[PDB]
Each structure stands twice: as C-alpha cells, then as structure tokens.
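What follows is a single chain, given as structure tokens, in the form deposited in one PDB entry.
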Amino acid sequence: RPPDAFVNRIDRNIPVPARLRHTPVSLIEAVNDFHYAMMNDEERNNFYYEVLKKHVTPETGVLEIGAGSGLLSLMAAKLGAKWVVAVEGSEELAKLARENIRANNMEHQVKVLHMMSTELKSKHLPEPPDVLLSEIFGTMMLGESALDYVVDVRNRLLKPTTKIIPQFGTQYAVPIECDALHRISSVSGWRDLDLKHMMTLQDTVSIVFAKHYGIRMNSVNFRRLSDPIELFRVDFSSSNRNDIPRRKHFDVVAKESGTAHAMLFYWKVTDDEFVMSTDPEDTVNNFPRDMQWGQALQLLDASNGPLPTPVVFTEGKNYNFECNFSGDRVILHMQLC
C-alpha cells in the first residue's frame, strides 16, 4: 500500500473503484492532467512517427529522454528499431510505460529505465544510440529544459552520426490586443466607485499560460499587432545556452493600431519538412494541442510608474522591446523601452 494511495485523501463516504484505490495520487494526476491530452494530439504523434520513419532501421539503436506513457518509444519499436531504451524520471510513469509495452508485446524491444537523463551512463545502453528522441517541450518551448537535457546527453552518450529528433526549435512572441484577456486582468471602477488602486498589483512580469487564465486563444477575439518576433532558434544537435543572449533587443513595427495588452508566446519545432507548431493559427482544429501545450502570455506595462501604463501601438511606428532571460534561458520577459 503506497503512502500516497489515491483513496487516502478521498472522503470515506465517496466511492472509489479498485482500479484507482491504491494507485499513487501523483500518477493519477499526471495522466489525467497531461497524458490523455498529449496522446490525443494526433498531429504531434504523426510528426514523431514520420520523422522516426525517415531514420529508424533494423540496425538503429534508439534512446528516448522521457518515456511517459511509452508511446514514442513504442513507435520506434513498431518501425523496427534494433533496440529502444527510454529513461523516465518518474517511478510510477516508468511502471506505466512498461505496462503499455507489455500490452503491445514489445518487452524484448523496449526497455524503460527509472532515472533522469542526467544520470544515464554509457553502461546503461547496449551501445551509443543512432537516434536520440525526445518530446520534453513545454508551453514555453524550453519550459521543461529541453535544451539542457539534450545537451547533457549529446555531450556524453552519443556518436558523431547520431540523429537527434527533433532537430530545430524556434520560440516566437507577438504583441496582441485581447479584450477578453483585458477584462480578467485589469479593472478601473464600478459606476462612481474608483478601483484603480487594484491596478498597482497587475502582474506584468510573469509568463502565464493561457490555460491558467481559463482562456483558449482560439476561442476569444484577439489581434496580432505586428509580424511575429523570433526570440531565438535552436538546433538541438549543436546549440548551447550561450547561443541565446541573456539580453536581446527587438524592433517591432506596428502593422495595426491598438492596445498591446500582452505578448503572446508560441513556438515551432521542425525536422526536415515536418512541423510541430503551437501558433493558434495552426491549432484551430487541434483542441488537444491547445489543452496540452496551448500558448503563454505576459501582460505589458509601457513604463515603471506607480500604476501600469498601457502599451499603445499606432500602425507604422517602431516599438523597441528588451528581452531578458534567466541563466537557463527558460524564463524570459519582454519590456517596452
């Protein structure tokens, strides 16, 4: 009986079926919160299948960072890989991956190791892999430290001819007007009652996932006020942290007049002709993707006064933004200068 069995925190008058009772709550939460949505992103699954298909042969050894359900590792095995090893940091997700492997009679082909990729050593593998596979992207592309984890494996366990899937990733930002977002992130007053003091607290610093607001970008009216800003691009086979500056400046030309309530962040990952994008334009008919990755938002303050100042764009004018990054390049912030 696990100390964190699901049944423990449920009220004793509420029924819990046997299949859930003694399962750790953390696993039920991970699968219900994330994994069903991931597995229903058919375009994501197809992207990985098509890219793997270009590379996997009976002679190809495949290493995956982050087994999860085991789906992508199962794909590599389906495609006839020589061997597949997947690392998974979560003990319970590792067990679950093994169950899915068992269900598809592939225990002889796919091995799941419970460990973080940082702890993986050459002795844990039959030989250096021909393919390195991962899907550890966040709502922000590098949100789950994809670059750092791939770099660590790339430095230590691969060989010169190893194909890293996926190869490329680009993080974008675009200033947007969005009245729905504005109405849940600001206030002025109610009739003759002044509530402007509430604005002193407006969080124009944090990156917040659209999901956290309760919003799906594809389901509200918003306007992109400029062409997309490429914040940075990485090649997972060659890039390092220092390929991304700690501070960058961008000249943003307004294509539309309006209020830039927020910066909208989305990304695009590619490998040869195949593309995995979180641009709302590309996810109108991909509800599971909008639920699993969605997009991120940072509210914009034009200045540093006692109250936030709206960022107002006039068509045809230039707007300079300073982008600051954390050391690991995971956290960023856009400030009008």
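We number the residues from 1 along the sequence you see.
Below: the form solved in complex with a partner chain, not depicted.
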* Since exactly one of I136, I244, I164, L125 fits, which has a heavy atom within 4.5 Å of its partner chain in the bound PDB entry? -> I136
* Contact assignment for its partner chain in the bound PDB entry, among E144, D130, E177, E256, heavy atom within 4.5 Å -> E144
* If we take heavy atoms and a 4.5 Å cut-off, which stretch out of 114-122, 258-266, 204-212, 156-164 is in contact with its partner chain in the bound PDB entry? -> 204-212
* To do: Using the partner position in the bound PDB entry, report whether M140 sits within 4.5 Å of its partner chain, counting heavy atoms only.
  => yes
* If you check in the bound PDB entry, is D33 within 4.5 Å of its partner chain, heavy atoms only? -> yes
* To do: Please run the contact check for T283 against its partner chain in the bound PDB entry: heavy atoms, 4.5 angstroms, yes or no?
  => no
* To do: Determine whether any heavy atom of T278 comes within 4.5 Å of a heavy atom of its partner chain in the bound PDB entry, and answer yes or no.
  => no
* Structure fact -> Hinge between rigid parts between the shown form and the other one, from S206, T259, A37, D243, is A37
